[PDB]
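Number of protein chains: 2
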Amino acid sequence: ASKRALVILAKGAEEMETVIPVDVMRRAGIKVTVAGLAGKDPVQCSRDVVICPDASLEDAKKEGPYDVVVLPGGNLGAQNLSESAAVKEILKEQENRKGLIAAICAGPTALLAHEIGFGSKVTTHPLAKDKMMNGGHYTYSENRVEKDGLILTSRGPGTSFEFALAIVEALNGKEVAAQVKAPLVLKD
Amino acid sequence: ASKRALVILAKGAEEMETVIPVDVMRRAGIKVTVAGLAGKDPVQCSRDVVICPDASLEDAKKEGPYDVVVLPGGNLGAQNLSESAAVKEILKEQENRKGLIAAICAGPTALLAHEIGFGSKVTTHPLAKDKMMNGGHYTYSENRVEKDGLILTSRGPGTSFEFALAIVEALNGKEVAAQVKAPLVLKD
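In order, the protein sequences belong to chains A and A'. A prime marks a further copy of an entry chain.
The deposited numbering applies: residue 2 is where the first sequence begins, and numbers increase by one.
The deposited numbering applies: residue 2 is where the second sequence begins, and numbers increase by one.
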């Protein structure tokens, strides 16, 4: 009866955008797998924080399905996600089964690369707008968190808490999100 | 001409409270050392995120001095900090040379254990108030970030960004803090 989340962690990911959702989601009782794109080895994030993944993406792929697939940002991390065929397969499968896909900051640009969710309203970091909108395949929003159908996006490191709580609310409901939020000492 | 920060990372630390200041401080151009209390080996944080430190605390101690010493929270992490004699020595030395000491959430309780900064105004997580105030050695504040002399404290994971930016402002000035803040997409 336990919901499952997959967080895909590539070299150059924004480490704040990785840790905050993982932590919050685990506070909500979600089983999170931090899966390394290139293998089980430690991953050097954008600001040189080094994180050990829980599993390789190859192994984690075999223990699906997941109720949410989470794509952190960071410019080089998103580029590594956008180039990976394994990511493409994971995302395409998640879309077909109508599971949730969540991406923050530069992360949403991997959706474009992999032709995921065309027609949806999305947001990105302001600096990633032009790239996400190449071709006019999505509609852009400036909301800090945006959710259209099964596609949940958010704008940057400073929206990381709102993004994570939106995942909790989608998976476990508003009451659980409100319970996990109170001890965090968020402003609004 | 480069400012230096020491972040002390113990088993059970709040990983969000660790990564957010490290990342922000490095965006501000500060040289940060993430030093592991028990050695160079990877550290299992409170929500099972595993971080590789930059150095052991023993090695990092020898490459001082630091313009700020940073104590993350998490209940078990703060307890490990409060029990460590190496922490006591580092903190006592930082106080004597009038350098900045920054602690968030449960972290401030290590100050009490090590008899650091008595008489100062401090804040903690609400759940750590009674412990911090045993003896009446400090004055309590409910401000989200509190700074009294060389002691900077903050309340919880959701104040992590304000706490980090206050460190930047103290070390590098208000203009640098404002420049690092804008790309983060914080609300206020």
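Ideal placement from N, C-alpha and C gives every residue a C-beta, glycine not left out.
Exercise for review: At 9 Å on the CB atoms, spell out the chain A' contacts of A:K188, in chain order.
Suggested key: Sequence index remark: in the first sequence, residue 188 of chain A carries index 187 (1-based). Those within 9 Å of A:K188 in chain A' are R145, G159, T160, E163, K188, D189.
Exercise for review: Would you kindly work out how many angstroms separate the C-alpha atoms of A:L151 and A':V44, rounded to a whole number?
Suggested key: Translated into positions along the first sequence, residue 151 of chain A becomes position 150. Translated into positions along the second sequence, residue 44 of chain A' becomes position 43. Taking the straight line from one Cα to the other gives about 35 Å.
Exercise for review: Report yes if the CB atom of A':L7 is closer than 8 Å to the CB atom of A':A36, and no otherwise.
Suggested key: In the second sequence, counting from the first residue as 1, residue 7 of chain A' sits at position 6. In the second sequence, counting from the first residue as 1, residue 36 of chain A' sits at position 35. Yes, the pair counts as a contact, with Cβ atoms nearer than the cut-off.
Exercise for review: May I ask which residues mark the beginning and end of the beta strand (DSSP E) holding A:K148?
Suggested key: Within the first sequence, residue 148 of chain A is the residue found at index 147, counting from 1. Taken as a continuous stretch (DSSP letters only), the beta strand (DSSP E) holding A:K148 covers 146-149.
Check your understanding: Which one or two residues does DSSP pair with A':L153 in a beta bridge?
Key -> Against the second sequence, residue 153 of chain A' aligns to sequence position 152. Looking at the DSSP assignment, A':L153 forms a beta bridge with A':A103, A':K148.
Check your understanding: When you compare only the Cα positions, how much space is there between A':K89 and A:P184?
Key -> As a position in the second sequence, residue 89 of chain A' is number 88, starting the count at 1. As a position in the first sequence, residue 184 of chain A is number 183, starting the count at 1. Taking the straight line from one Cα to the other gives about 29 Å.
Exercise for review: Figure out for me which residue from A:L166, A:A179, A:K188, A:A171 has the closest Cα to the Cα of A:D24.
Suggested key: Counting from one through the first sequence, the residue named residue 24 of chain A turns up at place 23. With distances taken between Cα atoms, A:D24 lies closest to A:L166.
Practice item. Can you pull the chain A' residues whose beta carbon is under 7 Å from the beta carbon of A:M17, in chain order? Key: Position 16 of the first sequence, counted from the first residue, corresponds to residue 17 of chain A. What A:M17 touches in chain A': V20, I21, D24.
**Study point:** A':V50 beta carbon less than 8 Å from that of A':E16
**Key:** Taking the second sequence and counting its residues from 1, one reaches residue 16 of chain A' at position 15. Taking the second sequence and counting its residues from 1, one reaches residue 50 of chain A' at position 49. Yes, these two residues count as a Cβ contact at 8 Å.
**Study point:** Segment limits, alpha helix (DSSP H) that includes A:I91
**Key:** Counting from 1 along the first sequence, the entry for residue 91 of chain A is found at position 90. Looking at the DSSP string, the run of the alpha helix (DSSP H) that includes A:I91 is 86-97.
**Study point:** Run of the beta strand (DSSP E) containing A':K32, from where it starts to where it stops
**Key:** Start at 1 with the first residue of the second sequence, and residue 32 of chain A' comes out as number 31. Residues 32-37.
Review point. If we ignore side chains and look at the alpha-carbon of each, how far apart do A':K4 and A':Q95 end up?
Key: Position 3 of the second sequence, counting from 1, holds the residue named residue 4 of chain A'. Position 94 of the second sequence, counting from 1, holds the residue named residue 95 of chain A'. Rounded to the nearest angstrom, the two C-alpha atoms are 14 Å apart.
Exercise for review: Could you tell me whether the Cβ of A:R5 comes closer than 8 Å to any Cβ of chain A'?
Suggested key: Translated into the one-based positions of the first sequence, residue 5 of chain A becomes position 4. So, not an interface residue.
**Study point:** Contact residues within the stretch 124-139 of chain A, judged by C-beta distance below 9 Å to chain A'
**Key:** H126, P127, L128
Check your understanding: When the Cα of A:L58 is compared with those of A:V33, A:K99, A:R48, which residue comes out closest?
Key -> In the first sequence, the residue the question calls residue 58 of chain A occupies position 57. Ranking A:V33, A:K99, A:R48 by Cα distance to A:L58 puts A:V33 first.
Check your understanding: Where A':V20 and A':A79 are concerned, what is the direct C-alpha to C-alpha distance, given to the nearest angstrom?
Key -> Here residue 20 of chain A' refers to the residue found at position 19 of the second sequence. Here residue 79 of chain A' refers to the residue found at position 78 of the second sequence. A':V20 and A':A79: Cα-Cα distance of roughly 16 Å.
Review point. Taking one C-beta from the stretch 169-176 of chain A and one from the stretch 130-138 of chain A' each time, how about it: are there three or more such pairs within less than 8 Å?
Key: no
Exercise for review: Output yes if chain C places a C-beta closer than 8 Å to the C-beta of A:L185; else output no.
Suggested key: Among the protein chains of the structure shown, namely A and A', there is no chain C.
Check your understanding: In chain A', what lies closer than 8 Å to A:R98 by C-beta?
Key -> Taking the first sequence and counting its residues from 1, one reaches residue 98 of chain A at position 97. The premise fails here: A:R98 is roughly 27 Å from chain A' at the closest Cβ pair, so nothing lies under 8 Å.
**Study point:** A:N81, buried or exposed, once every other Cβ within 10 Å from all chains shown has been counted against 16
**Key:** Here residue 81 of chain A is taken as the residue at index 80 of the first sequence, counted from 1. Its Cβ being crowded by 16 or more others within 10 Å, A:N81 is buried.
Check your understanding: Taking Cβ-Cβ distances shorter than 9 Å, what residues in chain A pair up with A':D42?
Key -> On the second sequence, position 41 is the one that residue 42 of chain A' refers to. By Cβ distance, chain A contributes nothing, its closest Cβ being about 11 Å from A':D42, past 9 Å.
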